[PDB]
**Q** 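My questions all concern the structure below.
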Amino acid sequence: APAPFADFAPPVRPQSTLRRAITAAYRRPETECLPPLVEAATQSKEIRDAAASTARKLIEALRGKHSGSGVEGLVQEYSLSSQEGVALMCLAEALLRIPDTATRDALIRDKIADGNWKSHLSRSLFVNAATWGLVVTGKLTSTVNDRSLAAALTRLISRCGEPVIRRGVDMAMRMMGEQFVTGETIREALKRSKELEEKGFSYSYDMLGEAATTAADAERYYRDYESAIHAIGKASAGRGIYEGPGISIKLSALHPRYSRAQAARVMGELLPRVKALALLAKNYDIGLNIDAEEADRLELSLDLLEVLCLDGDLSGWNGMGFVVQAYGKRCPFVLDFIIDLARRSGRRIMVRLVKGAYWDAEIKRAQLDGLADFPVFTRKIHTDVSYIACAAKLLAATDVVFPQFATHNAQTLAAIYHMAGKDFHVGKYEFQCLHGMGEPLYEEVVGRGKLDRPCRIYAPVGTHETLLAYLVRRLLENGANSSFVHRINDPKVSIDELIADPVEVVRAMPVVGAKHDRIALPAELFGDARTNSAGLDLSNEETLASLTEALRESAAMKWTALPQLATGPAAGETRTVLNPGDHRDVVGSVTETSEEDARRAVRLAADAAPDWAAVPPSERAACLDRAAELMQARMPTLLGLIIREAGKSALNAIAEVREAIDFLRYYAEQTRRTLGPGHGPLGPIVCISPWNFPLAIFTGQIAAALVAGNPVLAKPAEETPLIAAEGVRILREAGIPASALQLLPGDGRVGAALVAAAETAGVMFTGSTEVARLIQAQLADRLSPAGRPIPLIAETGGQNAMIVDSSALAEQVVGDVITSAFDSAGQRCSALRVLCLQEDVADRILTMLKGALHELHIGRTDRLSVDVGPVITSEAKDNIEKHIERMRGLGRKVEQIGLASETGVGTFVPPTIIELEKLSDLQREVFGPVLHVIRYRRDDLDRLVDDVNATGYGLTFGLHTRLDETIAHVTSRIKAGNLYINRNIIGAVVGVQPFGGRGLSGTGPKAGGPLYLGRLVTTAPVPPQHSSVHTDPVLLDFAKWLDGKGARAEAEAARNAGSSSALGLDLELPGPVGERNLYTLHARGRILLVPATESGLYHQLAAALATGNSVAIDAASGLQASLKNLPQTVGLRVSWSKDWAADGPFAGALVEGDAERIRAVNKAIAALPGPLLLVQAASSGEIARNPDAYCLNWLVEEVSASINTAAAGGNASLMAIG
Ligand SMILES: Cc1cc2nc3c(=O)[nH]c(=O)nc-3n(C[C@H](O)[C@H](O)[C@H](O)COP(=O)(O)OP(=O)(O)OC[C@H]3O[C@@H](n4cnc5c(N)ncnc54)[C@H](O)[C@@H]3O)c2cc1C
Ligand SMILES: NC(=O)c1ccc[n+]([C@@H]2O[C@H](COP(=O)([O-])OP(=O)(O)OC[C@H]3O[C@@H](n4cnc5c(N)ncnc54)[C@H](O)[C@@H]3O)[C@@H](O)[C@H]2O)c1
Ligand SMILES: O=C(O)[C@@H]1C[C@@H](O)CN1
Ligand SMILES: [Mg+2]
């Protein structure tokens, strides 16, 4: 048996002094990066004056030849609105998908121009409207208002006819064939390059591949590069690497798992492919440049650059090139490494200095990951100073490297032109620019009549489909408010402003290098409310080295879990806890609780309840905050335990510990916002938790109950007692008294013994719906000492769907599907179970999905390279496999990864894709790595949403579409608690996506949300921000009816319920950039009313209607005559039920009666099929005395919606931040 973590994440090679200096700068504070860059970028006053003069001359030339764009002239000629211009370009794009010119022209003339375009053109015309919106308006709108565009297109065609369609088609043809690309094919691009090569320009061709999803994709990009190198080398015809053309490649195009976590596969499989392309470039003697991509790929790419430059088979050729990004904090240290590598190898490395193309994505990623700082600067001027400083370094090393200064900024250009001084020869250095963007500037640079410096044009090559895929990211490079190209086109920007010297501006700032004011550090995402949890950068070699040792040390510890009663640990039956990925690996030992001691623990909790309730709320919250600090400090050790006990990967263990820290801090802050003397605790609360989030959900339930003033009996899942015991140790260290928090390890009958104990005042359950139903039945024969039902929070299973239409980007979909379905071996309650693909795109996405499936690494999770770990037990494995084989036996197509022999020592299920005929083929939640796929016709979308709802579950739900009409339709009709738009459906974040479902998926209130603590006290406080100015109109009609009947007091109570209801609350919660996180209060559905008196019925109806609900009223109440002559609006919401089980499912219940009536009704309600119902009961006298006898918190339904607003390829809000 391999030693735990002995091979967790060894680096590709020992890290040199130069490599370590790179890693040390990864997230260095911005104030620390800038001073040395200012120093390096400083130039003489004479040079600065000369540079400003040169920059002014260039800018005066640029503004002097600047004409209106073709799209602007089109909009002007036909008086188009912005939406019409966008709609026109989308139509033109669609018409150009018709390959035959005569056919297209006939369609335009005979069909498109003469009325209905809809009849003639499965795929919305407006799939790429966000891109065309950037072209027309200069502004990025993340999703497409396709109803507005359809109206605009009808309007413009009916107004202007064939001539405007013709002009749009010709414009789009020119832009997509000659501007966004140099040519559709490498041969076409080469033909069109002669003109500017004759003027002194050169070329590097960008074949536009990136982000391979499958082996087949990577092979396709490889053969595309190979064929392009032949065409370029044939055309180069011996011109060499400086005068002649070259190619640029992206390493992410050449392997589907290009990442540090897969470093071994990258060096074994990706590196030989790059070497083969480099060998071909060497034979033709052309440049081959490695483009720079995301920050977490920088250092990995250095290992490829190193091997290639040391490889003797490539000797004699100086064409190997490499991009470094000046917006990155590591840039000068990366250059030091490259310059030294060039010296050692004797290869004159071609170094393209750029600023960087992924800025807004890097901001979002660091925030999501809770990392210490950003790997890029946050003020644009800092990137400018960094660029100039790094140019000074490169210009001092032209004997060993070939600097290539890629920029469209005339100030940057001028500064470097004068920095380089008087001596020049071709081959010393060059400038670079983008095709269709930089030529106006560089036609003032190239040539003996200008500055006589060469410029290499980066020339995209590809079809319409290929160029549109990431055109948004390219547009933002030069189209943001801080971009030079955007500013030179802004008449409100003066030339004096444009020639401002970034070096001297930064030098004169009060705090040199300060972070941008409007960008939050990840730790400060929530501002004054609470401190964000911190993650770990698994791309950072120092972090991986430190984590390796902490994880190894964690595996040497003798972890135990004992029954920790108030009086001390108790004796019991002891057994080992085994690693689910390798049963030979003993993680620790658990002593499980006898049923006698579980009953004893509840009595001790009851005796201790007054002492814990008397700890003031702020001090209880301080315990939670101290516990969060302790978990943050101990995260590395906690990771190792979760990895080995629960079969989790390192990434998932980090997220798990982060969620625990976030629960502690969120419930502490919510406590400080709400809890006072009148919010009395329930009493002893039994917290029963599942194995699959063995620290986060465990901690969340306990922390909430404790901080609300309740002593807790913690019963962790039998599979995962060790991390639970450590959580309890931490909470006790943080100041939770032993009498307030008792740990009772064991199985379901320890849980049941706790639930059944006479002093149990509340139950918090997360687990399967079947077990929650058994707990519900147990509690149905129970009343509190005050004669009211024992509160139960029961958060249960899901049958989670994702709907994908033909507007979604397949690569994005597949990544989100692979993550949502197979992360944690599908053992998240949020996991994607049913993928629903629009028929027109289903086969293409399915092929990509299966290809991505086979790139997953399954194994014991103490290796960073493992993507999917084991299932938790052999019983879980057998249950999942039985489902798979049943499906296979029915003839359903089944796709499965092959498992390595090493998995035999643990319990593994291979990630599996099962193609279903209809959603009804699924009967129960299958809690494993099993994705089901169904197909749907676009016209049947509404029926499909019905089918998803018809399972009765309602936990997580995903939608991939660009189309506002589809977003509005689907999100209004789906019934689920957590919605996700254009992103994955897992990893809901505390206080950002409050988590919890409806129907068979939960009772609520949501964990990680503002209603949670109020369920754990006898009188609920008013949550922060919890109110609504909207009044339900049926409630109003009912109040008027009551006044008409003479029931004046009930009418007043109804109006009060209408005002007090928070139905219609609609909030945006603070979170990361590039995401909109929404929280809304809706009706629950149909509420079962069990009244006893006429006044009681009126109060129950007022409560239910004020919260937007319909009702079913118990016909056995005999109160039919109390509701005569209702207004039709109210009658529509009212039904009478003799057979409650026939008229469900309900979403809650209100009960009136004495204690034994309540107990009887509670038993009958628990026996209803389907969802657990959140029941509220009151006596007739309570209804008369207490306006809040029925609490309106529990009659609304919380919905969380998380929208990825960066999905179109950039962040509109961050285009204004520089
Ligand atoms: C020939 C060529 C090759 C290129 N190759 C690559 C490549 O392989 N990898 C790559 O990542 N990109 C590449 N780029 C893009 C380049 O990195 C820039 O994104 C783009 O060209 C605009 O920079 P600029 O000097 O032209 O103009 P500018 O307007 O001077 O600079 C714009 C840049 O400033 C930076 N910036 C904007 N806002 C902020 C902020 N708030 N904080 C910090 N920095 C900010 C961004 O990097 C932005 O792109 C290439 C560009 C060219 C012309
Ligand atoms: N909605 C959510 O937030 C959420 C979160 C995570 C998991 N889940 C659900 O949890 C399920 C998987 O987790 P699990 O396998 O640990 O669930 P489970 O139902 O098998 O057990 C959960 C806990 O209940 C206890 N238990 C079993 N029988 C009991 C009984 N008769 N009385 C009292 N307690 C009893 C168990 O010991 C365990 O601590 C899945 O259905 C998943 O969807 C839901
Ligand atoms: O959404 C998810 O996957 C996790 C599980 C719940 O605790 C909420 N956060
Ligand atoms: Mg179980």
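When a residue number appears, it is its place in the shown sequence, counting from 1. Both counts, for ligands and for their atoms, begin at 1 and track the order of listing.
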**Q** So for ligand 2, is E718 a polar contact partner (N or O within less than 3.5 Å, distance only)?
**A** yes

**Q** Below a 4.0 angstrom heavy-atom separation, can you tell me which part of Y358, side chain or backbone, both or neither, approaches ligand 1?
**A** side chain

**Q** Distance under 4.0 Å to a non-hydrogen atom of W691: what atoms of ligand 2 satisfy this?
**A** 14 (P), 15 (O), 16 (O)

**Q** Out of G700, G977, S768, who gets a non-hydrogen atom closest to atom 18 (P) of ligand 2?
**A** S768

**Q** Looking at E925, which atoms of ligand 2 are within less than 4.0 Å of one of its heavy atoms?
**A** 40 (C), 41 (O), 42 (C), 43 (O)

**Q** Run the ring pair (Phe, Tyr, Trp, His ring centres under 6.0 Å) test on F201 and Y203 for me, step by step, so that the C-alpha distance in whole Å, both residues' side-chain angles and the decisive distance to 0.1 Å come before the verdict.
**A** CA-CA 7 Å; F201 289 83; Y203 280 85; 7.7 Å; no

**Q** Show the nearest heavy-atom pair for residues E719 and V577, with the distance to one decimal.
**A** O-CG1, 4.2 Å

**Q** Does one side chain, of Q404 or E430, offer a donor that lies under 3.5 Å from an acceptor on the other?
**A** yes

**Q** Are any of the N/O atoms on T412, whether in the backbone or the side chain, positioned under 3.5 angstrom from an N/O atom of ligand 1?
**A** no

**Q** Report the member of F995, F698, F693 with the shortest heavy-atom distance to atom 3 (O) of ligand 2.
**A** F995

**Q** Please list, chain by chain and in numerical order, all residues satisfying side chain to side chain donor-acceptor pair (under 3.5 Å) with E659, sequence neighbours excluded.
**A** none

**Q** Checking the N or O distance criterion of under 3.5 Å, is ligand 1 in contact with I1217?
**A** yes

**Q** Of the listed options (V354, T383, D384, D360), which comes nearest to atom 14 (N) of ligand 1 when hydrogens are ignored and any heavy atom counts?
**A** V354

**Q** Mind checking whether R352 has an N or O less than 3.5 Å away from an N or O of ligand 1?
**A** yes

**Q** What residues, two or more places apart in sequence or in another chain, satisfy salt bridge (charged side-chain N to carboxylate O under 4.0 Å, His left out) together with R365?
**A** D296, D369

**Q** Test of understanding: given a 4.0 Å heavy-atom threshold, classify the contact between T378 and ligand 1 as side chain, backbone, both, or neither.
**A** backbone

**Q** Main chain of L695, side chain of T699: is a donor-acceptor contact present, judged purely on distance under 3.5 Å?
**A** yes

**Q** Heavy-atom contacts with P716 under 4.0 Å: which atoms of ligand 2 show up? List them by number with element.
**A** 39 (O)

**Q** Is a donor on one side and an acceptor on the other found under 3.5 Å between the side chain of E795 and the backbone of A1007?
**A** no

**Q** Considering only heavy atoms of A406, which atoms of ligand 1 have at least one such atom less than 4.0 Å away?
**A** 1 (C), 2 (C), 52 (C)

**Q** Got an N/O contact under 3.5 Å between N409 and ligand 1?
**A** yes

**Q** Kindly determine whether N692 and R828 satisfy side chain to side chain donor-acceptor pair (under 3.5 Å), including the steps that lead there.
**A** CA-CA 7 Å; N692 66 314; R828 296 181 178 261; over 6 Å; no

**Q** Any N or O of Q325 that comes nearer than 3.5 Å to an N or O of ligand 1?
**A** yes

**Q** Which of these, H382, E293, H435, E477, has its nearest heavy atom closest to atom 15 (C) of ligand 1?
**A** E477

**Q** Quick check: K380 and ligand 1, any N/O pair under 3.5 Å apart?
**A** yes

**Q** What are the two closest non-hydrogen atoms of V755 and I775, and how far apart are they?
**A** CG1-CG2, 4.0 Å

**Q** Please list, in number order, the atoms of ligand 1 under 4.0 Å from a heavy atom of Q432.
**A** 1 (C)

**Q** Under 3.5 Å between any N/O of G356 and any N/O of ligand 1: does that happen in this structure?
**A** yes

**Q** So, the side chain of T766 versus the backbone of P690: is there a donor-acceptor pair under 3.5 Å, distance only?
**A** no

**Q** Tell me, with the steps shown, if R474 and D206 meet salt bridge (charged side-chain N to carboxylate O under 4.0 Å, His left out).
**A** CA-CA 12 Å; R474 182 104 78 195; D206 172 16; 3.1 Å; yes

**Q** With heavy atoms of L434 as the reference, note each atom of ligand 1 found under 4.0 Å away.
**A** 53 (C)

**Q** Are the side chain of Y327 and the backbone of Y358 linked by a donor-acceptor contact shorter than 3.5 Å?
**A** yes

**Q** Before signing off on this row, confirm whether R379 and ligand 1 have an N or O atom pair separated by under 3.5 Å.
**A** yes

**Q** If you count the atoms of ligand 2 from 1 in the order shown, which ones are under 4.0 Å from a heavy atom of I697?
**A** 5 (C), 6 (C)

**Q** Using a heavy-atom cut-off of under 4.0 Å, does the side chain or the backbone of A357 touch ligand 1, or both, or neither?
**A** both

**Q** Considering the heavy atoms of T766, write down every atom of ligand 2 situated less than 4.0 Å from one of them.
**A** 2 (C), 3 (O), 4 (C), 5 (C), 6 (C), 22 (C), 44 (C)

**Q** Counting from 1, what ligand 2 atoms have a heavy atom of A752 closer than 4.0 Å?
**A** 32 (N), 33 (C)

**Q** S483 heavy atoms, cut-off 4.0 Å: which ligand 1 atoms fall inside?
**A** 29 (O)

**Q** Show the nearest heavy-atom pair for residues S301 and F322, with the distance to one decimal.
**A** OG-CZ, 3.2 Å

**Q** Which option wins on minimum heavy-atom distance to atom 38 (C) of ligand 2: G748, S689, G751?
**A** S689

**Q** With atoms numbered from 1 as shown, which atoms in ligand 1 lie under 4.0 angstrom from a non-hydrogen atom of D291?
**A** 8 (O)

**Q** Quick one: does any side-chain atom of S386 pair with a main-chain N or O of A326 as donor and acceptor, under 3.5 Å?
**A** yes

**Q** From atom 7 (C) of ligand 2, work out which of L955, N692, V750, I688 has a heavy atom at the shortest distance.
**A** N692

**Q** Give the atom numbers and elements of ligand 1 that come within less than 4.0 Å of a heavy atom of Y327.
**A** 47 (O)

**Q** What I want to know is whether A292 and ligand 1 share at least one N or O pair that is separated by under 3.5 angstrom.
**A** yes

**Q** Could you tell me, atom by atom, which parts of ligand 1 come under 4.0 Å of a heavy atom of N478?
**A** 22 (C), 26 (O)

**Q** Examine distances only and state if a side-chain atom of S204 and a backbone atom of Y458 form a donor-acceptor pair shorter than 3.5 Å.
**A** no

**Q** With a 3.5 Å cut-off and no angle check, do the side chains of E293 and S252 form a donor-acceptor pair?
**A** yes

**Q** Looking only at atom types and distance, does a side-chain atom of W359 sit under 3.5 Å from a main-chain N or O of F377, one as donor and one as acceptor?
**A** yes

**Q** Which of the atoms of ligand 1 are close to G1218, meaning less than 4.0 Å from one of its heavy atoms?
**A** 41 (N)

**Q** If you measure from atom 9 (C) of ligand 2 to every heavy atom of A756, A777, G767, which option wins on shortest distance?
**A** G767

**Q** Mind listing the closest non-hydrogen atom pair of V323 and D291 along with its distance?
**A** CG2-CA, 3.7 Å

**Q** Does the N or O separation between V323 and ligand 1 drop below 3.5 Å for any pair?
**A** no

**Q** Under 6.0 Å from the ring centre and within 45 degrees of the ring axis: does the NZ or CZ of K355 meet both conditions for the six-membered ring of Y387?
**A** yes

**Q** Under 4.0 Å, heavy-atom basis, I'd like to know which part of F484 is in contact with ligand 1: side chain, backbone, both or neither.
**A** both

**Q** Measure from atom 25 (O) of ligand 1 to every heavy atom in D206, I381, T407 and give the option owning the shortest one.
**A** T407

**Q** Answer yes or no for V376: is there a heavy-atom contact with ligand 1 below 4.0 Å?
**A** no

**Q** Closest approach of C390 and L335, non-hydrogen atoms and distance?
**A** CB-CD1, 3.4 Å

**Q** Ignoring hydrogens, what is the shortest heavy-atom contact between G987 and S830? Give both atom names and the distance.
**A** N-OG, 4.4 Å

